[PDB]
RNA sequence: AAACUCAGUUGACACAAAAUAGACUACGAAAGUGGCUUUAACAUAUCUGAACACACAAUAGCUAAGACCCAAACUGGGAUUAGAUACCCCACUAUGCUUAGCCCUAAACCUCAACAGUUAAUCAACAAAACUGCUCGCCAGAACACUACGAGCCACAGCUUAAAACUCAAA
RNA sequence: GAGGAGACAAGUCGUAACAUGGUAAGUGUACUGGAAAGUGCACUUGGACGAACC
Ligand SMILES: [Mg+2]
Ligand SMILES: [Mg+2]
Ligand SMILES: [Mg+2]
Ligand SMILES: [Mg+2]
Ligand SMILES: [Mg+2]
Ligand SMILES: [Mg+2]
Ligand SMILES: [Mg+2]
Ligand SMILES: [Mg+2]
Ligand SMILES: [Mg+2]
Ligand SMILES: [Mg+2]
Ligand SMILES: [Mg+2]
Ligand SMILES: [Mg+2]
Ligand SMILES: [Mg+2]
């Protein structure tokens with residue numbers, strides 16, 4: 001069948017299998033791409049922690065954290081840490097629109113891990129919790 | 001320039017003219033026909049058809065030149081080449097049969113390989129940002145680094161031929177302050193890696 | 001109309017200089033200042049040919065009649 | 001279809017308060033705006049990582065350095081190709097528009 | 001830089017606010033009104049009409065009692081500067097919300113009054129083409145002046161109404 | 001007694017406004033401050049957002 005971009009229906013007779021594992025079984029890669037910092041945490045199908053990384057942990061300081069290079073470094077570190085845990089295929093669930101949003105995935109790949117799905121989960125309040133006042137520069 | 005824009009630079013290459021007509025493509029045939037109707041700048045007094053013409057060495061001599069003393073620059077270049085060859089011959093004779101296979105003795109090859117080893121890959125430009133370097137800039141940076149290192153005051157009373165020959169051999173063997181300078185440029189580029197995004201091209 | 005669909009400036013100039021103007025005015029033309037407006041199509045080859053033929057015939061008829069009348073009288 | 005401008009603006013005979021407040025008249029001009037004006041970064045990072053793990057010694061980095069040079073050459077070639085290919089352009093479009101100017105007045 | 005040791009996944013979890021629809025132009029007299037359900041409900045005429053009364057009037061603010069996610073005058077600290085009682089960063093309070101009363105101000109502006117009518121022979125400029133009939137309200141150089149005095153007001157550093165002297169040839 | 005206004009007039013501290021006036025400007029309202037003023041909440045354009053896609 002021609003490729004379907006939609007994720008497999010939960011609790012359904014889906015044929016897709018990555019190393020024999022179902023999509024709901026594939027581990028998850030939560031990426032928080034804050035404006036100045038990027039963090040990556042790999043968790044299991046049962047949300048059991050597997051690895052963690054971030055610009056600060058990789059060592060970039062202050063403004064240097066909020067850069068694509070630092071995000072890729074954090075992705076590589078997280079991928080390396082997860083590989084020892086045995087993670088191969090991962091579902092990326094990225095929230096935030098920081099500069100590291102895509103470089104995190106690129107580093108997570110260069111570290112060896114394969115990505116099967118991208119799931120944006122940036123918190124978008126329908127409306128609530130009024131944000132801080134605008135900056136005048 | 002006293003030459004009108006119509007004048008074209010001369011092509012000094014005997015092979016290009018001795019090439020048979022049959023091997024020529026239609027584009028090449030058209031170019032050759034066109035050149036018969038164009039004006040040609042007088043061949044500069046620097047480059048000739050001698051098989052012993054090395055443009056790299058000629059450019060290095062020009063860079064080493066001071067105040068239009070082309071004769072002295074050429075003398076220094078030939079003295080450096082002779083010193084390099086003599087050192088190579090001495091090492092060759094002093095070395096065993098096995099190492100004689102490894103020991104190079106062609107000063108032109110030594111010079112070219114030394115400059116190639118001294119060519120820097122990535123440069124820094126204000127935007128400071130690491131950036132790619134074009135090939136011409138790479139070659140010029142190599143030559144200028146070599147000449148500046150040879151002109152450094154740290155060497156006392158030592159003549160330019162000896163200094164340059166020693167530095168050239170060190171570079172050919174991937175050692176010396178020139179290679180140290182290239183490594184320093186690479187290290188600074190790595191350190192400013194994070195700023196690579198500032199570049200807009 | 002000129003080539004931007006505004007009235008031909010020659011219309012205004014002729015009105016200024018007191019030169020009578022005959023003119024084919026289409027539906028989008030401005031006939032106020034044309035001395036003799038002939039409301040009709042002006043974009044079709046057949047219409048343009050008819051206008052040119054009619055005006056040429058009228059001018060030639062007038063000139064030939066003028067010469068004929070001059071000769072007729074001067075013969076007297 | 002274009003959004004309706006009926007009753008949007010503040011005008012006489014319009015009971016409703018304005019829906020749009022255009023700081024400039026909503027009348028088409030006779031011109032269009034001019035075409036408004038970091039690659040190889042991944043290759044640079046790869047080469048720099050190889051330098052980091054080999055003490056910036058070319059001996060092992062040869063491959064990454066060659067890839068960096070090839071990527072830079074490709075970027076320059078793409079720049080040249082885009083520049084030549086760029087020359088409907090605003091100049092031609094404005095030339096077309098001038099032949100059919102907007103007429104906000106009466107003939 | 002200061003600041004917190006707290007940060008990420010998952011689950012439970014509001015008295016705060018109400019993506020997309022909305023490229024819709026609707027409701028209300030105006031202020032205002034854009035999550036869902038229900039109840040009540042959107043004056044009259046085939047006109048205009050209130051400091052001359054009655055009822056409303058965003059935001060801010062006052063009194064009392066609650067709520068407090070987030071935001072936030074003020075305040076403190078960090079940074080900046082020649083100085084920075086600010087712009088930038090962090091914390092937090094009144095306050096923004098609910099209840100019951102006050103306060104009655106906005107560039108409360110669509111700066112374009114209500115009703116009826118016309119597009120005919122135009123129109124200082126700009127703006128949102130030009131007008132006709134009718135009625136009410138308001139204006140008569142600038143500044144003094146959203147001021148002084150008087151008066152009224154749950155207002156007490158207030159609001160509405162509101163001058164004059166001196167000065168100028170301008171505004 | 002003291003304040004207010006206007007005028008004459010120079011200095012003084014700043015540069016608040018006039019250009020995106022260098023933090024857009026302003027209205028109401030509140031706190032604060034050598035001083036124009038700063039900020040908070042709402043409102044106006046008497047600012048712009050360059051006006052096809054890019
Ligand atoms: Mg026509
Ligand atoms: Mg009435
Ligand atoms: Mg009234
Ligand atoms: Mg009120
Ligand atoms: Mg509070
Ligand atoms: Mg007032
Ligand atoms: Mg008063
Ligand atoms: Mg009083
Ligand atoms: Mg200023
Ligand atoms: Mg300003
Ligand atoms: Mg303001
Ligand atoms: Mg303050
Ligand atoms: Mg309003």
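So basically every Cβ, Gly included, is an ideal-geometry build from the backbone, and we count neighbours across all protein chains shown. Nothing in this text is a laboratory measurement; each read-out follows from the coordinates by a stated rule.
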Everything considered on the Cα gyration tensor (a ≥ b ≥ c; rounded for a/c under 1.5, else prolate if a/b is larger than b/c, else oblate), segment A:58-118 must be described as oblate
DSSP beta bridges in chain A: the antiparallel percent, rounded to 5, is 55 percent
Rounded, prolate or oblate: which fits segment B:111-201 when a ≥ b ≥ c are the square roots of the eigenvalues of the alpha-carbon gyration tensor, with rounded for a/c under 1.5 and prolate only if a/b beats b/c?
-> prolate
Just the Cα atoms of chain A, one point each, no solvent: what log10 I(q)/I(0) does Debye give at q = 0.18 Å⁻¹?
-> -0.98
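Given a Förster distance of 45 angstrom, what is the FRET efficiency for residue B:153 paired with residue B:15, based on the Cβ-Cβ distance and rounded to 0.05?
Working: r = 45 Å, r/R0 = 1.01.
Plugging the Cβ-Cβ distance into 1/(1 + (r/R0)^6) gives 0.50.
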Between residue D:27 and residue A:130, what is the label-to-label distance in nm when each label sits 7 Å out along the Cα-to-Cβ direction?
-> 4.3 nm
Separation of alpha-carbon centers, segment B:1-77 and segment B:128-157, rounded to whole Å = 26 Å
Could you work out how far apart the two model spin labels at residue D:57 and residue A:93 are, taking each label as a point 7 Å from the Cα in the direction of the beta carbon, and quote it in nm?
-> 4.6 nm
Between residue A:44 and residue A:137, the two model label points (7 Å from Cα along the beta-carbon direction) sit apart by a distance in nm of 4.6 nm
Quick one: if the Förster radius is 22 Å, what FRET efficiency do residue A:4 and residue A:119 give, using the C-beta to C-beta distance and rounding to 0.05?
-> 0.90
Based on the alpha-carbon gyration tensor of chain B and its eigenvalue square roots a ≥ b ≥ c, which shape applies: rounded if a/c is under 1.5, prolate if not and a/b is larger than b/c, or oblate?
-> oblate
Here, the protein assembly as shown modelled as identical Cα point scatterers in vacuum has Debye log10 I(q)/I(0) at q = 0.06, 0.09 Å⁻¹ of -0.67, -1.01
Estimated FRET transfer efficiency when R0 is 30 angstrom, pair residue D:81-residue B:23 (beta carbons, to 0.05) = 0.50
Starting from the Kirkwood radius over alpha-carbon pairs of chain D, derive D by Stokes-Einstein at 20 °C in a medium of 1.002 mPa s and give it in µm² s⁻¹.
-> 106 µm²/s
